[PDB]
Structure formats: C-alpha cells, structure tokens
Amino acid sequence: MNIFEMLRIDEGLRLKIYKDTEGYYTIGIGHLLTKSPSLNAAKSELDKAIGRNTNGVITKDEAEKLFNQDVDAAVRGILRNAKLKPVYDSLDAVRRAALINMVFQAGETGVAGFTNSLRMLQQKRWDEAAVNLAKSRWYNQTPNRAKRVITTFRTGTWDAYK
Ligand SMILES: [Cl-]
Ligand SMILES: [Cl-]
C-alpha cells in the first residue's frame, strides 16, 4: 500500500465530469476542476488542464497524469507550509501518507487549520488526536473516508485499507 493506491481507493476514478460530495465539478481521481456552478466553466478548466478540447471526457492516462501532478502538489504544499512541515517531518511513513491524504482532499489551508490535532500528532498522542480529528465537519460530511484516515493515524498501519 502506498499513497497512490490509498488515494485511488478513497477518491475513485471517473473519466467524465462529475460532482463531488460537496457538489463541485471534478474529474479523474478527485481532481477538483472548479467551485463554480457552471458546467461550462468546468469544461473550460478541464480543457486548460489537459491541453486539448476534451468535451468533458478524458482517457485513463490523462486522469493518471492529473493525479500524479496533484499528489506532487500536495506533498510540496506540506513542505512549504510552516505549520505542516514540522508535523510531517515528525511522522513515520504510513502516517505521513495519512497527512498527504487529508491535504489532498481538504487543501493545505484546510488542514493547516486543525491546530489542536496537528499538535497532538506531533506529540504522538495517537488516540487523542483521533478523537479530536473526529470533531470536525470533515468527519461528519465524509465519515467512512475520515474514519479510514483517522485509523491510519491512530495505528500506523494500512489496516483500514486492507
Ligand atoms: Cl492543473
Ligand atoms: Cl465517506
């Protein structure tokens, strides 16, 4: 198990424009296109991301390419974040993957805002961080996914994904 397979599990794969759980325009493996209500604005962002007139549909390869870029961006965003880098450097390899997963889903600002939980993670107080991470909109809106992420932080194994 690694970050790519983990996220592929949590986000799925769709070759056609679709709405995420919040109702936003998305494509591929969780690649948010836009937060605007317009399908057209979405088609436009897609074409621009792919580099061609797509018509709301992409190939598997295209999807995997967006995916690789987004995982890369997530990691780099963590290292560039003053609040995130420290937690991340403190963690083992599995737990690091759980951090990247939250980041990829909720944006860096998003995560950087879980102040108390980040502190708990850094202190290695697993069980407490889990409880604290659960008191969030993030958990309430996508509970089964959040649950997987949280177990990963709690245990340090890939058990929730196996
Ligand atoms: Cl892009
Ligand atoms: Cl869920």
# chains A, B, ... in the order shown; residues from 1 in each chain; ligands from 1
>>> residues_near_ligand(ligand="ligand 2", cutoff="10 Å", atoms="only C-alpha atoms and all ligand atoms", output="list in words")
residues 10, 11, 21, 138, 139, 140, 141, 142, 143, 144, 145, 146, 147 and 148 of chain A
>>> residues_near_ligand(ligand="ligand 1", cutoff="9 Å", atoms="only C-alpha atoms and all ligand atoms", output="NGL selection string")
:A and (31 or 33 or 45-46 or 48-50 or 66 or 69-70)
>>> write_last_selection(atoms="N, CA and C atoms", output="mmCIF file, in the first residue's frame")
data_model
loop_
_atom_site.group_PDB
_atom_site.id
_atom_site.type_symbol
_atom_site.label_atom_id
_atom_site.label_comp_id
_atom_site.auth_asym_id
_atom_site.auth_seq_id
_atom_site.Cartn_x
_atom_site.Cartn_y
_atom_site.Cartn_z
ATOM 1 N N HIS A 31 -9.770 15.092 -9.011
ATOM 2 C CA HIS A 31 -9.202 16.386 -9.410
ATOM 3 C C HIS A 31 -10.281 17.477 -9.493
ATOM 4 N N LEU A 33 -12.202 20.577 -10.401
ATOM 5 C CA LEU A 33 -11.988 21.471 -11.537
ATOM 6 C C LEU A 33 -12.290 22.922 -11.188
ATOM 7 N N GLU A 45 -11.994 24.766 -17.616
ATOM 8 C CA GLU A 45 -10.908 24.435 -16.701
ATOM 9 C C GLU A 45 -10.336 23.095 -17.116
ATOM 10 N N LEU A 46 -11.184 22.156 -17.504
ATOM 11 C CA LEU A 46 -10.702 20.827 -17.925
ATOM 12 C C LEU A 46 -9.800 20.849 -19.176
ATOM 13 N N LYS A 48 -8.205 23.321 -20.294
ATOM 14 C CA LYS A 48 -6.984 24.010 -19.917
ATOM 15 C C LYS A 48 -6.054 23.077 -19.143
ATOM 16 N N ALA A 49 -6.574 22.241 -18.272
ATOM 17 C CA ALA A 49 -5.703 21.334 -17.547
ATOM 18 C C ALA A 49 -5.090 20.255 -18.430
ATOM 19 N N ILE A 50 -5.862 19.767 -19.395
ATOM 20 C CA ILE A 50 -5.447 18.721 -20.295
ATOM 21 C C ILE A 50 -4.705 19.227 -21.505
ATOM 22 N N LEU A 66 -3.144 13.866 -14.205
ATOM 23 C CA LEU A 66 -3.598 14.886 -13.291
ATOM 24 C C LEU A 66 -3.281 14.406 -11.894
ATOM 25 N N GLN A 69 0.338 14.823 -10.787
ATOM 26 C CA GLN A 69 0.572 16.242 -10.525
ATOM 27 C C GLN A 69 -0.012 16.658 -9.187
ATOM 28 N N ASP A 70 -1.208 16.178 -8.886
ATOM 29 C CA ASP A 70 -1.861 16.577 -7.652
ATOM 30 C C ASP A 70 -1.239 15.985 -6.429
#
>>> closest_residue(among="A:6, A:95, A:12, A:39", to="residue A:24", atoms="only C-alpha atoms")
A:39
>>> atom_distance(atom1="atom CA of residue A:15", atom2="atom CA of residue A:59")
6.5 Å
>>> select_by_dssp(residues="stretch 27-140 of chain A", states="helix (DSSP H, G or I)", output="PyMOL selection string")
chain A and resi 39-50+60-80+84-90+93-112+115-122+126-134+137-140
>>> atom_distance(atom1="atom CA of residue A:97", atom2="atom CA of residue A:3")
5.5 Å
>>> atom_distance(atom1="atom CA of residue A:151", atom2="atom CA of residue A:126")
9.4 Å
>>> select_by_dssp(residues="chain A", states="strand (DSSP E)", output="ChimeraX atom specification")
/A:14-19,25-28,31-34
>>> residues_around(residues="residue A:94", least_positions_apart="5", cutoff="10 Å", atoms="only C-alpha atoms", output="NGL selection string")
:A and (1-3 or 99 or 152-153 or 155-158)
>>> write_last_selection(atoms="N, CA, C and O atoms", output="mmCIF file, in the first residue's frame")
data_model
loop_
_atom_site.group_PDB
_atom_site.id
_atom_site.type_symbol
_atom_site.label_atom_id
_atom_site.label_comp_id
_atom_site.auth_asym_id
_atom_site.auth_seq_id
_atom_site.Cartn_x
_atom_site.Cartn_y
_atom_site.Cartn_z
ATOM 1 N N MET A 1 0.858 -1.149 0.000
ATOM 2 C CA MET A 1 0.000 0.000 0.000
ATOM 3 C C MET A 1 0.902 1.207 0.000
ATOM 4 O O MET A 1 1.954 1.182 0.613
ATOM 5 N N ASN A 2 0.511 2.240 -0.719
ATOM 6 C CA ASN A 2 1.283 3.466 -0.779
ATOM 7 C C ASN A 2 0.284 4.598 -0.971
ATOM 8 O O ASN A 2 -0.882 4.322 -1.179
ATOM 9 N N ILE A 3 0.712 5.837 -0.940
ATOM 10 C CA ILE A 3 -0.163 6.988 -1.080
ATOM 11 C C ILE A 3 -1.054 6.960 -2.348
ATOM 12 O O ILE A 3 -2.233 7.350 -2.316
ATOM 13 N N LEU A 99 -1.506 12.142 6.257
ATOM 14 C CA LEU A 99 -1.434 13.609 6.198
ATOM 15 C C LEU A 99 -1.585 14.065 4.756
ATOM 16 O O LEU A 99 -2.302 15.011 4.476
ATOM 17 N N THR A 152 -5.660 5.211 10.402
ATOM 18 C CA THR A 152 -4.317 5.200 9.885
ATOM 19 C C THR A 152 -3.413 6.021 10.808
ATOM 20 O O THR A 152 -2.287 5.637 11.140
ATOM 21 N N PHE A 153 -3.927 7.155 11.291
ATOM 22 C CA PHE A 153 -3.137 7.969 12.199
ATOM 23 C C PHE A 153 -3.039 7.310 13.547
ATOM 24 O O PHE A 153 -2.022 7.363 14.230
ATOM 25 N N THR A 155 -3.238 4.008 14.352
ATOM 26 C CA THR A 155 -2.493 2.763 14.359
ATOM 27 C C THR A 155 -1.157 2.753 13.662
ATOM 28 O O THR A 155 -0.278 1.993 14.000
ATOM 29 N N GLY A 156 -1.010 3.522 12.639
ATOM 30 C CA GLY A 156 0.227 3.496 11.933
ATOM 31 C C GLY A 156 0.354 2.324 10.994
ATOM 32 O O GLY A 156 1.440 2.044 10.563
ATOM 33 N N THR A 157 -0.741 1.651 10.659
ATOM 34 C CA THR A 157 -0.732 0.538 9.728
ATOM 35 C C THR A 157 -1.709 0.852 8.593
ATOM 36 O O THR A 157 -2.410 1.827 8.661
ATOM 37 N N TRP A 158 -1.769 0.017 7.570
ATOM 38 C CA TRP A 158 -2.692 0.219 6.473
ATOM 39 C C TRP A 158 -3.940 -0.621 6.684
ATOM 40 O O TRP A 158 -4.679 -0.905 5.761
#
>>> residues_around(residues="stretch 105-122 of chain A", least_positions_apart="6", cutoff="7 Å", atoms="only C-alpha atoms", output="list in words")
residues 77, 78, 83, 84, 87, 90, 128, 129, 132 and 133 of chain A
>>> write_last_selection(atoms="N, CA, C and O atoms", output="PDB file, in the first residue's frame")
ATOM      1  N   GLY A  77       3.204  21.226  -1.091  1.00  0.00           N
ATOM      2  CA  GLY A  77       2.483  22.185  -0.275  1.00  0.00           C
ATOM      3  C   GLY A  77       2.710  21.934   1.215  1.00  0.00           C
ATOM      4  O   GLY A  77       2.796  22.845   1.999  1.00  0.00           O
ATOM      5  N   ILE A  78       2.801  20.677   1.611  1.00  0.00           N
ATOM      6  CA  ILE A  78       3.062  20.330   3.003  1.00  0.00           C
ATOM      7  C   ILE A  78       4.452  20.833   3.394  1.00  0.00           C
ATOM      8  O   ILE A  78       4.692  21.384   4.453  1.00  0.00           O
ATOM      9  N   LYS A  83       3.275  25.382   9.168  1.00  0.00           N
ATOM     10  CA  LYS A  83       2.546  24.622  10.142  1.00  0.00           C
ATOM     11  C   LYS A  83       2.563  23.143   9.806  1.00  0.00           C
ATOM     12  O   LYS A  83       2.523  22.276  10.683  1.00  0.00           O
ATOM     13  N   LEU A  84       2.623  22.837   8.526  1.00  0.00           N
ATOM     14  CA  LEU A  84       2.589  21.438   8.159  1.00  0.00           C
ATOM     15  C   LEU A  84       3.913  20.697   8.156  1.00  0.00           C
ATOM     16  O   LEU A  84       3.980  19.540   8.533  1.00  0.00           O
ATOM     17  N   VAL A  87       4.993  18.801  11.383  1.00  0.00           N
ATOM     18  CA  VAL A  87       4.266  17.582  11.743  1.00  0.00           C
ATOM     19  C   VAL A  87       4.705  16.378  10.909  1.00  0.00           C
ATOM     20  O   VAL A  87       4.980  15.292  11.386  1.00  0.00           O
ATOM     21  N   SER A  90       7.973  14.942  11.575  1.00  0.00           N
ATOM     22  CA  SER A  90       7.909  14.141  12.785  1.00  0.00           C
ATOM     23  C   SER A  90       7.343  12.727  12.612  1.00  0.00           C
ATOM     24  O   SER A  90       7.532  11.897  13.449  1.00  0.00           O
ATOM     25  N   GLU A 128      -5.622  10.436  21.297  1.00  0.00           N
ATOM     26  CA  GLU A 128      -6.250  11.733  21.448  1.00  0.00           C
ATOM     27  C   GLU A 128      -6.421  12.509  20.159  1.00  0.00           C
ATOM     28  O   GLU A 128      -7.347  13.286  20.004  1.00  0.00           O
ATOM     29  N   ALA A 129      -5.485  12.340  19.252  1.00  0.00           N
ATOM     30  CA  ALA A 129      -5.586  13.045  18.031  1.00  0.00           C
ATOM     31  C   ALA A 129      -6.782  12.508  17.249  1.00  0.00           C
ATOM     32  O   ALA A 129      -7.510  13.230  16.603  1.00  0.00           O
ATOM     33  N   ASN A 132      -9.927  13.951  18.639  1.00  0.00           N
ATOM     34  CA  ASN A 132     -10.003  15.343  18.191  1.00  0.00           C
ATOM     35  C   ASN A 132     -10.236  15.450  16.687  1.00  0.00           C
ATOM     36  O   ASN A 132     -10.904  16.342  16.202  1.00  0.00           O
ATOM     37  N   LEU A 133      -9.647  14.580  15.898  1.00  0.00           N
ATOM     38  CA  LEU A 133      -9.863  14.778  14.463  1.00  0.00           C
ATOM     39  C   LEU A 133     -11.321  14.517  14.096  1.00  0.00           C
ATOM     40  O   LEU A 133     -11.813  14.976  13.076  1.00  0.00           O
TER      41      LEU A 133
END
>>> closest_residue(among="A:79, A:58, A:42, A:98", to="residue A:160", atoms="only C-alpha atoms")
A:98
